[PDB]
Amino acid sequence: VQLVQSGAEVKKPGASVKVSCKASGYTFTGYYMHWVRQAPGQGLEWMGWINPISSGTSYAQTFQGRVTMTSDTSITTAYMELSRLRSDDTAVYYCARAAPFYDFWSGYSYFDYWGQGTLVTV
Amino acid sequence: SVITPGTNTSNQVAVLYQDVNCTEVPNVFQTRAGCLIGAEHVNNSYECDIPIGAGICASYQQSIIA
Amino acid sequence: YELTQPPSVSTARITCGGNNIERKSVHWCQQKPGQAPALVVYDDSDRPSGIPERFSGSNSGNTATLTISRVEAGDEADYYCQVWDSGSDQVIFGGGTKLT
Amino acid sequence: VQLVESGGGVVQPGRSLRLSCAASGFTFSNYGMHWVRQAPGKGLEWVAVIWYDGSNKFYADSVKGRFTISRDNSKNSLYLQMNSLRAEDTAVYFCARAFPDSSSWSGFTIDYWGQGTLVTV
Amino acid sequence: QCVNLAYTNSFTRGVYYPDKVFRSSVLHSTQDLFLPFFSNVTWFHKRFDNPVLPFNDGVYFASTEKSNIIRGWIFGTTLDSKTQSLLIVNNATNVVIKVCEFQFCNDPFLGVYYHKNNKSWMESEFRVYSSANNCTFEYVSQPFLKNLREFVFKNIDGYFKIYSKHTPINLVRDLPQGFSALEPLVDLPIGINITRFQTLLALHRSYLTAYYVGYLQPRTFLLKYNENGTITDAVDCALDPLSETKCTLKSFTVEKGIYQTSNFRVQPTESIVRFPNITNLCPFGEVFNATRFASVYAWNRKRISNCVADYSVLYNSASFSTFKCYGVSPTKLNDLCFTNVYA
Amino acid sequence: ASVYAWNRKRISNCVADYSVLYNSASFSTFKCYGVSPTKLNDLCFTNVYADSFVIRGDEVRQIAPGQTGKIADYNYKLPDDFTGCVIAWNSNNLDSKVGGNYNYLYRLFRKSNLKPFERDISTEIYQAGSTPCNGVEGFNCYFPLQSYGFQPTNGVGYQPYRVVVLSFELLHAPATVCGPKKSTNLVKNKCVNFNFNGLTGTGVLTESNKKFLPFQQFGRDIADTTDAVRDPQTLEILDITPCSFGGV
Ligand SMILES: *[C@@H]1O[C@H](CO[C@@H]2O[C@@H](C)[C@@H](O)[C@@H](O)[C@@H]2O)[C@@H](O[C@@H]2O[C@H](CO)[C@@H](O[C@@H]3O[C@H](CO)[C@@H](O)[C@H](O)[C@@H]3O)[C@H](O)[C@H]2NC(C)=O)[C@H](O)[C@H]1NC(C)=O
Ligand SMILES: *[C@@H]1O[C@H](CO)[C@@H](O)[C@H](O)[C@H]1NC(C)=O
Ligand SMILES: *[C@@H]1O[C@H](CO)[C@@H](O)[C@H](O)[C@H]1NC(C)=O
Ligand SMILES: *[C@@H]1O[C@H](CO)[C@@H](O)[C@H](O)[C@H]1NC(C)=O
Ligand SMILES: *[C@@H]1O[C@H](CO)[C@@H](O)[C@H](O)[C@H]1NC(C)=O
Ligand SMILES: *[C@@H]1O[C@H](CO)[C@@H](O)[C@H](O)[C@H]1NC(C)=O
Ligand SMILES: *[C@@H]1O[C@H](CO)[C@@H](O)[C@H](O)[C@H]1NC(C)=O
Ligand SMILES: *[C@@H]1O[C@H](CO)[C@@H](O)[C@H](O)[C@H]1NC(C)=O
Ligand SMILES: *[C@@H]1O[C@H](CO)[C@@H](O)[C@H](O)[C@H]1NC(C)=O
Ligand SMILES: *[C@@H]1O[C@H](CO)[C@@H](O)[C@H](O)[C@H]1NC(C)=O
Ligand SMILES: *[C@@H]1O[C@H](CO)[C@@H](O)[C@H](O)[C@H]1NC(C)=O
Ligand SMILES: *[C@@H]1O[C@H](CO)[C@@H](O)[C@H](O)[C@H]1NC(C)=O
């Protein structure tokens, strides 16, 4: 299982950033793709997830209304677009894999695979 | 069971609900054979025509009587 | 569906072409300068009351004609060809033919 | 049989205008009605027809979705509501009394025309 | 384009040849969808009213006219472009039967007029639908529309089956008495979902300036075939106790006597469910999500008792590759009680 | 098609040569139910349905009568009285792409099992718990479909297989699909074997005087056995009697 994210981005306040995450080594649609933010000197914050099979999403209240998650199964890639960027959106953004909610053994409760973080500076 | 004169005579019938109470089924005559509906019970005794049971017979006399 | 008729005609005969126009009823109205149009011929060759017997017409094949015999100076008007298009529920007008 | 148009005038593109026509001399409720427009220097172009009971409204392709034809039998009057007018809609608008077309189930030709009212956009 | 626009006795009508087998001089008992004898048939007719009716399990349709007003029918569900619908239309030379994603008008019809008032030349405006996309079936054959015209419409086993009969009658306000069997007209290999239908009428313009509908039911009929294999009579076995007797005796005549024809049985009106009033769930998860499993030679046995067992949680799980039940159905487990469960 | 949205092709009014399929080396599965694969060319059917879809190798066994599992239960169900043939072959060279083919879907969750030949292509969110989902997936609210994600490097059980199911319709109706079996001359007034459009038997054929209606293909006596047939080529009505016999 590999998760490969796009390179670092530098944006201005009010701009939007779209971070990609290319998945391989597993059935793409069999897992949820989560995004987790890590601001410098801070801990990990969950942003939301997308379910590639349905393109269904759920967002953390913190980012709801600013973050849009999409995916394209033909290239097994997930995307996270964070709009109206603020200076405090400077962070390393990770994509992470977790089981879907129908997983019997609660594999959805945790993130078993992470990509290399993508740094976005605002 | 359906009690009838031949269709060569009449299309009237009477129906016997065998060993059934006339209060359970739905000229209503309760006999030991069951509940006989559609036949008019009379006191006049005749030779047996169509046997019902327990001494009761029915005949076509027009309407079906017991 | 569209009608085709000449810009002007100098017995005057005004032609109105179309695709198998024979199957459609052709009606004609006359518009004098500064005035509203008025019905002259309907259902190919029938006239409404008030229209002189000079006005006649026909409808055959791919063309219809309004024929005006004994043409008068009072007939110097724009004559329009129209049909009902049952395929689109529209009234279709031609360009209009001016008499001189 | 007479028809009188009113409600014309001058408007700018994007704005609306309502026209009306008063009918008299005949039983309005027994006839369908047409609107026809004539741009300066051009021939007649059909706009819309409405059935005598107001149940069926048909429009020319060029006005469909913008213009609404309606009638009020109680007031013996015909209306045309023109929304989102464009420069191309400049024309004299006429109301007219419909006449049955023998080559169609419910088709119409035009019998009586009003004098018309000028609309400039 | 689209243009905006009582009960009678069925007697013994609505009987048709149930199959394509020749029989003669015989009484044959058959179970099929028939119009019940002496049933309530709805009678349909300035104003216009031509409503969409339910199809239910099948339809009996009849009309009496010399004006050929009834031209066809629409069958389907939504009767719009969302689903496949069946359109049957008859004209002077042919009948056209199509199945398409039709977008039907609220008041579909054929507008009849005389072409330029030529009474020897009739024409019609086809105003039934605005679109007919993605047609899956098309069939064209000979047209079948005082003169009483009867039809039976069945939608079953992948076929839309039409039966018909055309006879003269001496009444207008009702259906005739007597018996006449309808013969199969066409079996259409369509296989679509039909819940509603409506009649297509031919309307002269001057009309705006009747037919009967019954429903078929699963009934047992005794059909009498004559020497020429024609059905000449029938008994609706559930009509009354006499008809029941006739069917029991396989005869259209009954001798004087008493006959056992059926059984009387009071039916239950409620369902009473009484289970132990416990709420604690059975510890199945503790078996399935154990950190360690035993070796098969030394397998573990967990005894489960005195609890509520929801097996649909396990069965409806996507996480199991094998789920095989023996001596019991996996979908009936939640309705069963056991003295014990071993895991 | 995806197995959840399988395709149904209706076959009629034609000559069906099934030995071309059966004698092919290209199929891995060819299982017939209610009929022998070597007798198919001698049979006539009123209709033949060809249902086609893709499933993974391990699931091919579910395409049979009396089977259970996600495919048998939620996608493609065969009846226990199924008459027909299930034909499958490995399509790894067609239906698998590097990185995964996510075009082929199957239904993973459903409120109840499908009826035979029922086709469910809805995508309504599945309620696993007691709380209404309101169209929003999440905890105890699942998207009912899932992809196979076929890849060329998968083990055989996870490779795509193309499945064609031929259901044979045998109704008391005119047969429209018959094998390549050639016809012979019609012989009457003799004791012969016969086969009329799939209807076999032994007896003596004679001209009938029975008043068959245009739609009737054969007749039966009071014993409910065939005693007359309509010849499928001449439309002649023939009476059938048994060949003379008796006790000795
Ligand atoms: C191993 O499994 C047990 C049992 O859980 C049952 O089986 C699981 C596979 C799932 O199907 C569960 O949904 C099912 O109940 C787990 O213990 C149980 O965990 C659940 C989920 O957290 C608990 O339910 C919650 O209980 C709290 C009250 O404490 C409520 O407020 C919540 O709304 C919810 O109902 C359940 O009570 C708990 N039962 C017991 C006896 O502990 C166990 O955690 C699991 N272990 C692992 C590693 O997965
Ligand atoms: C039936 O009734 C007729 C008179 O209508 C009678 O002649 C005949 O003998 C009767 N047959 C039987 C079996 O009762
Ligand atoms: C029928 O039921 C009534 C009570 O409703 C009872 O009085 C009567 O004796 C019963 N008759 C028979 C024959 O059971
Ligand atoms: C039969 O006699 C009884 C008296 O025992 C009486 O009540 C009943 O009404 C009589 N029935 C008839 C038909 O006369
Ligand atoms: C028919 O009625 C509907 C609803 O009022 C209307 O939208 C539609 O335009 C009408 N059809 C015609 C031709 O006017
Ligand atoms: C249907 O007709 C029958 C037979 O005359 C009658 O009993 C019944 O009341 C009628 N139903 C309605 C709704 O009129
Ligand atoms: C037919 O369509 C209706 C919707 O109009 C639906 O409720 C019904 O379940 C469908 N029946 C079948 C067999 O598809
Ligand atoms: C009847 O329908 C068929 C098929 O659409 C067409 O070919 C035929 O010309 C039609 N006949 C008439 C009189 O419209
Ligand atoms: C009426 O139509 C028929 C058939 O096309 C034609 O032969 C006849 O000449 C027509 N008559 C008139 C007056 O148009
Ligand atoms: C007809 O089928 C095509 C696919 O073959 C589809 O794209 C189109 O939308 C369908 N037409 C309608 C009205 O849905
Ligand atoms: C049966 O057909 C014959 C002709 O062979 C005819 O004479 C007889 O009347 C028919 N039977 C009936 C009931 O019509
Ligand atoms: C073919 O069969 C048809 C009946 O289906 C028959 O009418 C036709 O004459 C036959 N042709 C030959 C060459 O046998």
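Reminder, nothing fancy here: chain letters follow the sequence lines and each chain counts from 1. Atoms within a ligand are numbered from 1 in the order they appear, just like the ligands themselves.
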Counting only nitrogen or oxygen atoms and a 3.5 angstrom limit, does E:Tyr7 reach ligand 6? no

Taking only heavy atoms of E:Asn118, which atoms of ligand 9 are found under 4.0 Å from at least one of them? 1 (C), 2 (O), 3 (C), 8 (C), 10 (C), 11 (N), 12 (C), 14 (O)

N/O to N/O below 3.5 Å, does that happen between E:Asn94 and ligand 8? no

Would you confirm whether E:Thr248, through its side chain, and E:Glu244, through its main-chain N or O, come within 3.5 Å as a donor-acceptor pair? yes

Per-atom contacts of ligand 8 with E:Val96, taking only distances under 4.0 Å to non-hydrogen atoms: 2 (O), 4 (C), 5 (O)

Go through E:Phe75 and E:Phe153 one step at a time and tell me if the ring-ring contact (aromatic ring centres under 6.0 Å, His included) criterion holds. CA-CA 10 Å; E:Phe75 299 92; E:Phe153 299 105; 4.9 Å; yes

Among all the protein's non-hydrogen atoms, which is closest to atom 5 (O) of ligand 6, and how far away is it? E:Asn9 ND2, 4.0 Å

Does some non-hydrogen atom of the protein lie less than 4.0 angstrom from atom 9 (O) of ligand 6? no

Any idea which protein heavy atom is nearest atom 11 (N) of ligand 6, and the distance to it? E:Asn40 ND2, 2.8 Å

Six-ring centre of E:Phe61, E:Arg13 cation under 6.0 angstrom, axis tolerance 45°: no

Parallel, tilted or perpendicular: ring planes of E:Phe144 versus E:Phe151, cut at 30 and 60 degrees: tilted

Pairing of E:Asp32 and E:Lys154 as salt bridge, 4.0 angstrom limit: yes

May I ask you to decide whether E:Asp187 forms a salt bridge with E:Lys20, counting only side-chain N to carboxylate O separations under 4.0 Å? yes

